[PDB]
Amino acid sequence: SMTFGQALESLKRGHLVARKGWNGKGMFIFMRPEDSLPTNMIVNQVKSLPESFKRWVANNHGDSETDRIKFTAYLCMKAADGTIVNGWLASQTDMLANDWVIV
């Protein structure tokens, strides 16, 4: 029986959480961790980034091996249809509710 703050602390430590009051059933959220990536790994090896961004990186940072760019950790959801939503966001209700549970 938890607040959003305890759910967040639980997420930071790599757990799965959910709210009883959600409309969809069988969902949970989780954290994806932070990582620092070499810039030329971004420009040349990463499939999941748009070309526009890769071009901007090349333009403003370049191909130095030393240079690395940090990707922040963030929340994701296993939604009701079984898809993974990157970037889960907390509604006002999620934030002030106290019906969070560990899954």
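The first residue of the shown sequence is 1; numbering continues from there. So that the term is clear: the rigid core is the largest set of C-alpha atoms that superpose within 1.5 Å between two forms.
**Student:** May I ask which stretch, 37-45 or 24-32, sits farther from the shown form in 5 other deposited structures of this protein once every structure is superposed on the core, judging by RMS CA distance?
**Tutor:** Checking 37-45 against 24-32 in 5 other deposited structures of this protein, I find the farther stretch is 24-32.
**Student:** How do 15-23 and 79-87 compare in 5 other deposited structures of this protein: which one has C-alphas farther from this form after the rigid core is matched?
**Tutor:** Evaluated in 5 other deposited structures of this protein, the stretch farther from the shown form is 15-23.
**Student:** Out of 23-31 and 51-59, which stretch has the higher average CA B-factor listed in the record?
**Tutor:** Taking the mean B-factor of the alpha carbons in each, 51-59 is higher.
**Student:** Please compare 42-50 with 63-71 and name the stretch with the higher mean C-alpha B-factor in the deposited structure.
**Tutor:** It is 63-71.
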